[PDB]
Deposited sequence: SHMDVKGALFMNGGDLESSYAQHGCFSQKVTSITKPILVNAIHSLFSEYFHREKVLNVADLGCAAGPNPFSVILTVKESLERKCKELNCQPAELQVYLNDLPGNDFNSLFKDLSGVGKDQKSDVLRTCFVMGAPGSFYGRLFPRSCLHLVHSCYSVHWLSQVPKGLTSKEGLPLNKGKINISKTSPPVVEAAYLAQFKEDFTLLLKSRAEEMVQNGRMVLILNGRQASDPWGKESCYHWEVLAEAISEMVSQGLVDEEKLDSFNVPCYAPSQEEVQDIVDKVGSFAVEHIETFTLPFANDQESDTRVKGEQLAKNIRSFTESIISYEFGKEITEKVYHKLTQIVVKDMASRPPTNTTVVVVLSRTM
């Protein structure tokens, strides 16, 4: 899945880079790139290579020396920059890679210096759990928007997102050169899709595993009730509406695509389920662990592995991605 996403989207990144060339940004002394929420895995390496290779390839054609490249790798201060920097030791030459700790909800970089901003699977995370999920907890059974969720949950999540995403765009707007491009890829939904397993498979199946622990009386039902993940899956329409209100970007590309969550290149339904569960753990573990402690979380994932395995044998789940490319105007 992670592989599928990066490979499907690579041409979009490359097209955005090509836009930079018809502005002669490759003729400037340095090209500045930012990756928002880079984590520590291989995706940042691949973003660096894509830009580096495309920049080198084009300067070969035009018989000029390539601009130098500066890549800022942004993530929250708790990110494992140590590992990231150790792995980057095995691009160089004319290539200067920085760590930029901080939240992308706010200023991170000098005014109008960025030529390219990139983000893959970060900007769906909210700055806080949305307000108005309370006293008394609305959204009783669940940890995200669901089939069973009252209309107010939906509206609260959307409102939080509108705030956050607007603050993201405003910050990036201040930091980008005229005609700079920004490529944003995030977990999303098809508008005509219902809530529940269609769009938020992972949040639904986690709430199931929690509910099994409540049922075993190992967790208070009030805890599940007033637990909510600070994460939203927008439609492309929502994204585009938010962008429309911030008058400093032109939309150059908008896209939604839906894949199977489970890995195709595996024939056995077992393993397929276990892998998907492992995958889900790997990006939900820290938020779950922090809320329920190590002992209970270990139990939650064991039941999760049983739920997904069962799901593989009947209706296999999907996952949906929204992609937008913006150009800085005015």
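Of the deposited sequence, the ranges 1-25, 116-123, 168-170 have no C-alpha coordinates according to the record.
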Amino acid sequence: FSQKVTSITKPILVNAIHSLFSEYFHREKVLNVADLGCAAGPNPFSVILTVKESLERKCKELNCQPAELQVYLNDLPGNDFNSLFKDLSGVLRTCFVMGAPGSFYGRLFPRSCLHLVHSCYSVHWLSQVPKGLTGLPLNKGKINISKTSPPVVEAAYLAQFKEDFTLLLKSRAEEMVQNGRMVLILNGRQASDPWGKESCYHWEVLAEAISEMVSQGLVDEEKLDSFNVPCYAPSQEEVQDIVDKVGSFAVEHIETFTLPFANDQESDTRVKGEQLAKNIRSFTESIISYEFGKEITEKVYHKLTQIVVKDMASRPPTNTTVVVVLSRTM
From here on, numbers count along this sequence of modelled residues.
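When the C-alpha B-factors of 209-217 and 96-104 are averaged, 209-217 comes out higher. Per the PDB record, of the two stretches 158-166 and 198-206, 198-206 carries the greater mean B-factor over its C-alpha atoms.
Annotation for 180, 130, 234, 90: 90 ranks highest, by Cα B-factor. Which of 306, 15, 321, 22 has the largest Cα B-factor in the deposited entry comes down to 306. Residue-level temperature factors show residue 52 in the lowest third of its chain, judged at the C-alpha atom. Among the modelled residues of the chain, residue 74 sits in the lowest third by CA temperature factor in this PDB entry. In the PDB entry, a CA B factor belonging to the middle third of its chain's modelled residues is recorded for residue 5. When all modelled residues of the chain are sorted by CA temperature factor, residue 63 is found within the middle third.
In the PDB entry, a CA B factor belonging to the lowest third of its chain's modelled residues is recorded for residue 188.
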